[PDB]
Amino acid sequence: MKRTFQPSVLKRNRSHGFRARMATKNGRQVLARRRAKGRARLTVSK
Amino acid sequence: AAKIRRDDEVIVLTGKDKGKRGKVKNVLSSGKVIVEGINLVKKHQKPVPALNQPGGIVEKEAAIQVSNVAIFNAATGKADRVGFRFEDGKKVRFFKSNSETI
Amino acid sequence: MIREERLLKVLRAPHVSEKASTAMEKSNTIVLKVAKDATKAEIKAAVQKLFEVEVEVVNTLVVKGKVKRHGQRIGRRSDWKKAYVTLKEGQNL
Amino acid sequence: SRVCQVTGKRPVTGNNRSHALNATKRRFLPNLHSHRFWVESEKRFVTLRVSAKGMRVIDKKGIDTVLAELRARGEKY
Amino acid sequence: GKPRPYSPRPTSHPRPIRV
Amino acid sequence: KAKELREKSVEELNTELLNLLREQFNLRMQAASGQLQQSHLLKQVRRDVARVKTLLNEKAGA
RNA sequence: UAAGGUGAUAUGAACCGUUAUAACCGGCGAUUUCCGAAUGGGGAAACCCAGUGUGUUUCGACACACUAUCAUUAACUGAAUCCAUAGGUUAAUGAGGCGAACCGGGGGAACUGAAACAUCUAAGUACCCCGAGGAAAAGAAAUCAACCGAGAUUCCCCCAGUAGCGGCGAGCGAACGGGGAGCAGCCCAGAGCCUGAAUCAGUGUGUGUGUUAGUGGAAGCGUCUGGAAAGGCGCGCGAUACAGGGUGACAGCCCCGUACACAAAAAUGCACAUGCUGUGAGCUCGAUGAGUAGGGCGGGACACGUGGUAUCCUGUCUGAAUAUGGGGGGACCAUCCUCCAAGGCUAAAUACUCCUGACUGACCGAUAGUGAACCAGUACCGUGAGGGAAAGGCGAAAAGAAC
RNA sequence: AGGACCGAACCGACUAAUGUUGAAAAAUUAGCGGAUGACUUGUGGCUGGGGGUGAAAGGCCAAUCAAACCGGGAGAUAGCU
RNA sequence: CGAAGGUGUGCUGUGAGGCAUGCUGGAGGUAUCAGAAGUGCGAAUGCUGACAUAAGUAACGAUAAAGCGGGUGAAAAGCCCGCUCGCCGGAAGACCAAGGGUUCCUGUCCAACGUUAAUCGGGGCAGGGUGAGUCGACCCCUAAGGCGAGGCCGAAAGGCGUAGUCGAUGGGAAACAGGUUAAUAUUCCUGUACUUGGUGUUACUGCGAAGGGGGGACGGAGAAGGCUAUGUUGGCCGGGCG
RNA sequence: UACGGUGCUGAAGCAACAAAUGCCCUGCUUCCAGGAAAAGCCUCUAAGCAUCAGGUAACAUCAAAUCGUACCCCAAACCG
Ligand SMILES: *[C@H]1O[C@H](CO)[C@H](O)[C@H](O)[C@H]1NC(C)=O
Ligand SMILES: [Mg+2]
Ligand SMILES: [Mg+2]
Ligand SMILES: [Mg+2]
Ligand SMILES: [Mg+2]
Ligand SMILES: [Mg+2]
Ligand SMILES: [Mg+2]
Ligand SMILES: [Mg+2]
Ligand SMILES: [Mg+2]
Ligand SMILES: [Mg+2]
Ligand SMILES: [Mg+2]
Ligand SMILES: [Mg+2]
Ligand SMILES: [Mg+2]
Ligand SMILES: [Mg+2]
Ligand SMILES: [Mg+2]
Ligand SMILES: [Mg+2]
Ligand SMILES: [Mg+2]
Ligand SMILES: [Mg+2]
Ligand SMILES: [Mg+2]
Ligand SMILES: [Mg+2]
Ligand SMILES: [Mg+2]
Ligand SMILES: [Mg+2]
Ligand SMILES: [Mg+2]
Ligand SMILES: [Mg+2]
Ligand SMILES: [Mg+2]
Ligand SMILES: [Mg+2]
Ligand SMILES: [Mg+2]
Ligand SMILES: [Mg+2]
Ligand SMILES: [Mg+2]
Ligand SMILES: [Mg+2]
Ligand SMILES: [Mg+2]
Ligand SMILES: [Mg+2]
Ligand SMILES: [Mg+2]
Ligand SMILES: [Mg+2]
Ligand SMILES: [Mg+2]
Ligand SMILES: [Mg+2]
Ligand SMILES: [Mg+2]
Ligand SMILES: [Mg+2]
Ligand SMILES: [Mg+2]
Ligand SMILES: [Mg+2]
Ligand SMILES: [Mg+2]
Ligand SMILES: [Mg+2]
Ligand SMILES: [Mg+2]
Ligand SMILES: [Mg+2]
Ligand SMILES: [Mg+2]
Ligand SMILES: [Mg+2]
Ligand SMILES: [Mg+2]
Ligand SMILES: [Mg+2]
Ligand SMILES: [Mg+2]
Ligand SMILES: [Mg+2]
Ligand SMILES: [Mg+2]
Ligand SMILES: [Mg+2]
Ligand SMILES: [Mg+2]
Ligand SMILES: [Mg+2]
Ligand SMILES: [Mg+2]
Ligand SMILES: [Mg+2]
Ligand SMILES: [Mg+2]
Ligand SMILES: [Mg+2]
Ligand SMILES: [Mg+2]
Ligand SMILES: [Mg+2]
Ligand SMILES: [Mg+2]
Ligand SMILES: [Mg+2]
Ligand SMILES: [Mg+2]
């Protein structure tokens with residue numbers, strides 16, 4: 001059966017990537033939360 | 001400064017080798033000193049192909065806590081404590097209970 | 001024209017392997033480890049100036065570092081650039 | 001935004017109150033009108049978005065005085 | 001201890017309906 | 001080498017940098033090849049390049 | 001500051017140093033790739049692609065610098081359109097983003113309680129948003145009081161769960177006055193005289209005193225048990241030092257400290273002193289904040305739910321008197337008292353702790369205490385926001401077991 | 001010519017058996033329907049939660065849907081066990 | 001000259017308990033009288049870790065299928081080599097994109113991983129390996145759509161959108177055959193090509209854009225002819241005489 | 001022959017027939033549901049530049065960077 005995760009690096013980066021996060025204030029708040037928590041990987045970009 | 005140094009002739013205050021006198025070969029940063037013919041151990045050396053051909057139960061000196069050896073005054077013939085003075089610029093070391101520079 | 005200071009920082013080591021040995025005795029070619037930011041032009045300038053040989057064409061590739069394990073702690077070796085440097089008919093290195 | 005350029009009147013929030021005193025949030029919007037004002041200094045028409053109250057302030061103080069206050073606060077017209 | 005329980009999975013038979 | 005190279009001019013110190021960088025290339029070649037037991041030479045020259053580049057900035061004005 | 005050093009797992013290798021250029025520690029400099037506000041344009045962050053101007057070219061090219069946006073200001077220029085204005089270009093200065101809490105403002109729930117529920121409550125709470133500072137805000141009476149008086153603001157303890165408010169239910173809940181902490185008053189709405197005289201701010205320059213490395217720092221031996229002594233036993237000694245830590249078992253005197261006494265080439269904080277620059281005191285006369293106060297309508301805030309409801313704010317429509325005047329004293333009127341709105345500034349007492357140092361605990365001691373004593377916001381899970389572990393102890397010494 | 005006919009790929013899912021701690025959190029096997037169309041499929045894009053989208057089944061919106069998921073109000077409340 | 005803890009034993013009190021002591025353990029413990037509580041567990045389909053039971057039971061993942069000889073090895077149904085057998089062959093072969101990221105090749109090892117053994121492996125360890133003017137990306141160009149100087153709009157946050165600027169799944173220059181590595185090849189080598197731009201020389205000369213026009217540039221279905229890939233047969237050549 | 005694979009030489013290399021869903025064909029015929037865009041490219045001039053720049057052709061020389069390239073890919077390497 002076709003499962004839900006059908007990987008595409010382009011879609012991944014555009015939907016969740018660093019620049020996508022930076023584009024909106026809510027996205028920048030995601031980065032702020034993740035830095036505050038001290039995540040080693042802020043976004044999928046890596 | 002360090003009260004016990006390299007080349008200093010010391011006497012052991014505590015341990016299996018108490019009363020025995022030796023010269024300090026080197027001082028480790030962990031407040032420990034190697035004193036020749038003092039804290040002997042029997043190391044079971046593995047057979048190395050490259051450096052040192054044989055194995056053999058090697059007899060070598062183990063580090064002893066620097067606070068377990070005192071400087072040997074030589075004159076009095078017993079353990080002494082080291083103090084610090086200034087005798088024309090340089091910082092020197094002197095014995096306690098007599099007061100003579102090393 | 002490229003500065004000698006830059007030409008002294010692009011050649012890291014000669015690459016030693018069977019393919020490098022074969023290339024040096026078959027297609028008069030020397031295999032060099034080079035700086036990852038070095039260009040074909042900079043390699044062709046550096047070999048000519050530092051080894052005093054005549055270079056025909058530089059071929060380059062980037063070697064991706066391997067993921068190695070050291071005491072159940074995952075690590076990655078650095079990517080490096082490999083230069084296949086073809087010399088002329090009779091030069092020798 | 002719905003802000004009077006003269007006075008600075010803007011939407012304020014209050015309640016609708018029914019007979020049974022049910023409080024639902026509403027806004028009170030200013031009585032805003034885009035109006036062309038004639039100035040006797042710059043021989044030109046100035047279009048200000050102004051409340052009806054703001055138009056009475058211009059009638060009282062004069063357009064010259066009011067435009068001076070806009071420049072003081074740093075509001076482009 | 002006990003592992004986290006599974007989300008619902010397919011069931012072979014309908015529960016009998018008593019009514 | 002902090003007082004010695006300070007007596008030199010910019011026109012005598014650049015050539016000195018073009019002797020060290022060249023020496024660092026020769027040592028880097030010898031080290032990779034399998035030659036050079038004296039591995040400490042790599043650090044001496046790397047730090048010597050640093051000293052020379054440091055004085056160049058002082059001679060410049062900064 | 002120094003006889004030892006080249007950070008850790010982690011040895012080894014090659015070395016450096018031992019009286020001063022080893023290393024280490026501190027001040028001040030230098031260097032400081034790429035991404036990121038990211039700012040030369042772009043972009044799927046750590047990449048792609050330029051323009052311009054210098055300088056170098058071995059003519060293949062190479063190096064360095066600058067080029068975002070917005071605001072303000074200035075210069076130059078410049079439409080419809082005559083003047084002009086808009087617009088355009090260039091320069092200068094500033095801004096931008098991040099950060100725990102505290103602070104002011106703009107918006108603003110519901111669960112819940114009311115033993116249902118709608119007024120009410122929860123609550124101006126959570127949350128979102130904007131802005132600021134080391135604090136913020138507030139602040140120099142159009143304040144209270146009660147015919148006696150007080151004298152800006154803020155915070156604390158009372159007043160008091162009182163007076164009130166309240167489907168008079170559930171609940172909500174003052175003030176006056178008193179005791180404290182702290183205390184400070186000023187300026188513009190203006191012209192002249194006299195002069196730049198008070199005082200807060202930068203600015204160097206001296207003076208002390210802190211901070212950022214450090215220096216000296218007392219006094220114990222014998223014997224017994226033991227693997228080992230710091231323990232037992234005996235006899236001494238220091239104490240402005242018996243805080244604490246370490247050392248082969250429990251050490252004032254073995255070590256590091258501790259009390260105590262000293263220390264700065266360099267940078268910097270604070271407080272005085274003294275030049276420089278700006279700032280303008282004092283006296284006389286005058287002035288005294290209008291689409292404002294007040295009102296009608298609709299809301300909101302006041303403990304106060306419109307009530308008999310003062311007072312405050314204003315979305316809407318109106319609209320005075322302006323000192324011979326005006327505001328308030330809880331409907332309202334008279335009398336009396338008290339104050340002077342419609343301009344602004346202002347330290348202290350107050351709030352908070354992402355972070356730094358010291359010290360403390362009838363706090364925890366590995367299922368506890370942080371989620372995390374351990375390479376943990378990791379592994380792992382999830383498209384993502386996000387979720388999120390487990391896992392400490394050989395020995396005094398590796399003497400980590402040759403053969 | 002054709003939402004024409006038979007029939008592979010391809011798309012689907014009518015019946016039966018199996019499987020039901022499966023080979024599989026929806027399948028396998030044998031048959032079955034459509035198969036030039038209102039077809040099917042790759043890549044990328046857009047629509048967001050009382051909102052979307054729906055040839056309409058309250059279907060579908062990441063194995064979740066008569067109001068997604070994650071964090072927060074939050075230790076909601078629980079005359080019940 | 002042996003603390004806590006652990007584990008036996010004896011004694012003792014009405015009970016919760018207490019005391020003594022052998023063994024273990026190897027450094028703590030703490031009377032009395034007060035003081036303070038994270039102060040006592042069998043249940044909460046409690047929580048975490050450990051370990052049972054069923055049970056050496058079910059099962060070992062397509063019923064395409066194996067047999068033997070030799071080799072290596074401590075050991076071979078499973079590895080290597082050989083012969084035979086069987087299975088797929090519009091695939092169960094080959095080459096890619098997407099996605100993964102070293103799984104590739106070589107040597108070495110067999111704890112764990114592999115539903116068995118394993119000498120084997122996509123497993124461990126080490127070393128190697130990816131070569132481009134022409135392939136693709138980047139790049140030029142746009143689609144849907146995104147972002148968007150000014151701008152319009154909106155309590156704030158923001159929304160929309162102009163000039164622009166991004167955005168392929170589409171348009172845009174050029175390389176082929178043969179050979180070669182353990183592992184790359186239109187990339188290396190050999191042979192033979194081609195494209196675009198810069199510079200210089202020579203001759204001849206209207207060049208010049210952000211503008212105009214052309215072109216690029218496009219549907220479904222159907223039909224037929226001409227072809228090639230490709231196959232078949234004959235000839236040809238080499239070998240064969242079972 | 002290290003039984004893995006290197007070195008060396010080399011015959012014929014034609015024809016007929018069949019034939020695609022590939023090519024001619026972005027064609028042709030036909031139908032209604034009427035079938036991207038922009039650049040490269042070609043051409044035209046404007047401002048401007050005038051025996052200059054620039055354009056065309058031939059010849060010579062130089063440049064074409066950077067990143068991907070292993071391997072699996074209907075699968076034991078991707079999603080389960
Ligand atoms: C299994 O039970 C669920 C309910 O839990 C559904 O009814 C489902 O349809 C059942 N399936 C079968 C095969 O009966
Ligand atoms: Mg080549
Ligand atoms: Mg390449
Ligand atoms: Mg349990
Ligand atoms: Mg940018
Ligand atoms: Mg940039
Ligand atoms: Mg661009
Ligand atoms: Mg800021
Ligand atoms: Mg209720
Ligand atoms: Mg109730
Ligand atoms: Mg203030
Ligand atoms: Mg009075
Ligand atoms: Mg000291
Ligand atoms: Mg001392
Ligand atoms: Mg003793
Ligand atoms: Mg012990
Ligand atoms: Mg007044
Ligand atoms: Mg009013
Ligand atoms: Mg009134
Ligand atoms: Mg009033
Ligand atoms: Mg009144
Ligand atoms: Mg009254
Ligand atoms: Mg824990
Ligand atoms: Mg424990
Ligand atoms: Mg992931
Ligand atoms: Mg049909
Ligand atoms: Mg269906
Ligand atoms: Mg079927
Ligand atoms: Mg049919
Ligand atoms: Mg059919
Ligand atoms: Mg229904
Ligand atoms: Mg679903
Ligand atoms: Mg609901
Ligand atoms: Mg609550
Ligand atoms: Mg609860
Ligand atoms: Mg204890
Ligand atoms: Mg006690
Ligand atoms: Mg308890
Ligand atoms: Mg229990
Ligand atoms: Mg019980
Ligand atoms: Mg079990
Ligand atoms: Mg059974
Ligand atoms: Mg059975
Ligand atoms: Mg069975
Ligand atoms: Mg099987
Ligand atoms: Mg066999
Ligand atoms: Mg075995
Ligand atoms: Mg088999
Ligand atoms: Mg076989
Ligand atoms: Mg691997
Ligand atoms: Mg393999
Ligand atoms: Mg096994
Ligand atoms: Mg492997
Ligand atoms: Mg568009
Ligand atoms: Mg804008
Ligand atoms: Mg937009
Ligand atoms: Mg573009
Ligand atoms: Mg494409
Ligand atoms: Mg291959
Ligand atoms: Mg043919
Ligand atoms: Mg067909
Ligand atoms: Mg390949
Ligand atoms: Mg499979």
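Atoms considered below: every heavy atom in the structure, side chains included; atoms not considered: hydrogens, waters and symmetry mates. Chain letters run A, B, ... following the sequence lines, proteins first, then strands; residues in each count from 1.
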* Between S41(D) and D64(D), is any side-chain donor less than 3.5 angstrom from a side-chain acceptor? -> yes

* Is the CD atom of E100(B) crowded by more than 12 outside heavy atoms at less than 6.0 Å? -> no

* To do: Return yes if some donor-acceptor pair links the side-chain N/O of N52(B) with the main-chain N/O of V48(B) below 3.5 Å, else return no.
  => no

* Check: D17(B)/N39(B) side-chain N/O donor and acceptor closer than 3.5 Å -> no

* Run the numbers on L61(C) and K81(C) for side chain to side chain contact (heavy atoms under 4.5 Å, CB included), then give the verdict. => CA-CA 6 Å; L61(C) 63 87; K81(C) 180 170 286 190; over 6 Å; no

* Regarding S99(B) and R85(B), is there a side-chain donor-to-acceptor distance under 3.5 Å anywhere? -> yes

* To do: Report the distance from atom NZ of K8(F) to atom CG of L56(F), rounding to the nearest 0.5 Å.
  => 13.0 Å

* Asked: Is the backbone N or O of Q5(D) less than 3.5 Å from a side-chain atom of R73(D), with the two atoms forming a donor-acceptor pair by type?
  -> yes

* To do: Measure across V55(C) and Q48(C) and return the closest heavy-atom pair with its distance rounded to 0.1 Å.
  => N-NE2, 3.4 Å

* To do: Report, as yes or no, whether the 6.0 Å neighbourhood of atom NZ on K82(C) holds more than 12 heavy atoms from other residues, nucleotides or ligands.
  => yes

* Asked: If only atom types and distance count, is the side chain of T29(C) paired as donor or acceptor with the main-chain N or O of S27(C) below 3.5 Å?
  -> yes

* To do: Kindly work out whether a path of hydrophobic side-chain contacts (I/L/V/M/F/W/Y, heavy atoms less than 4.5 Å apart) joins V34(C) to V31(C).
  => no

* Structure fact -> Interatomic distance, CD1@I71(B) vs CZ@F95(B), rounded to 0.5 Å, equals 6.0 Å

* To do: Keeping the roles fixed (side chain from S45(A), backbone from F18(A)), state whether a donor-acceptor pair exists under 3.5 Å.
  => yes

* Donor-acceptor contact below 3.5 Å, side chain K59(F) vs main chain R6(F) -> yes

* Structure fact -> To the nearest 0.5 Å, atom CG of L8(C) lies from atom NZ of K49(C) at 7.0 Å

* Asked: What are the two closest heavy atoms between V53(C) and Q91(C), and how far apart are they?
  -> CA-NE2, 3.9 Å

* Criterion side chain to side chain contact (heavy atoms under 4.5 Å, CB included) on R27(D) and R2(D), from CA distance to verdict -> CA-CA 12 Å; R27(D) 319 182 75 201; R2(D) 288 182 179 104; 3.9 Å; yes

* Rounded distance (nearest 0.5 Å) linking atom CD1 of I11(B) with atom CG of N68(B) -> 13.0 Å

* Does the pair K53(F)/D48(F) count as a salt bridge with the N-to-O cut at 4.0 Å? -> no

* May I have the step-by-step check of side chain to side chain contact (heavy atoms under 4.5 Å, CB included) for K25(B) and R6(B), ending in yes or no? => CA-CA 6 Å; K25(B) 281 196 300 182; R6(B) 196 172 180 171; 5.7 Å; no

* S7(E) versus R9(E), side-chain donor and acceptor atoms under 3.5 Å -> yes

* Asked: Under the 3.5 angstrom rule, does the side chain of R93(B) hit a backbone N or O of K3(B) as a donor-acceptor pair?
  -> yes

* To do: Measure the CG-CD distance between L67(D) and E75(D) for me, rounded to the nearest 0.5 Å.
  => 10.5 Å

* Counting heavy atoms not belonging to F45(D), are there more than 12 under 6.0 Å from its CZ? -> yes

* To do: Might you point out which heavy atoms bring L11(C) and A46(C) nearest each other, and give the distance in Å?
  => CG-CB, 4.1 Å

* **NZ on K64(C) to OG on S78(C), rounded to 0.5 Å** => 14.0 Å

* Asked: Quick check: does any side chain N or O of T76(B) sit under 3.5 Å from a backbone N or O of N73(B), one acting as donor and the other as acceptor?
  -> no

* Indicate, with yes or no, if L20(F) and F25(F) share a hydrophobic cluster defined by side-chain heavy-atom contacts under 4.5 Å among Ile, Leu, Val, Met, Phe, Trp and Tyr. => yes

* Asked: Between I102(B) and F72(B), is there a shared hydrophobic cluster once you connect ILVMFWY residues whose side-chain heavy atoms come closer than 4.5 Å?
  -> no

* Quick one: does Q72(C)'s side chain have a donor or acceptor within less than 3.5 Å of a partner on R69(C)'s backbone? -> no

* ILVMFWY cluster, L18(F) and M1(C) together (side-chain gap under 4.5 Å) -> no

* Asked: Is there a donor-acceptor pair closer than 3.5 Å between any side-chain N or O of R14(A) and the backbone N or O of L10(A)?
  -> no

* Asked: Can you check whether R47(F)'s main-chain N or O pairs, donor with acceptor, with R51(F)'s side chain at less than 3.5 Å?
  -> yes

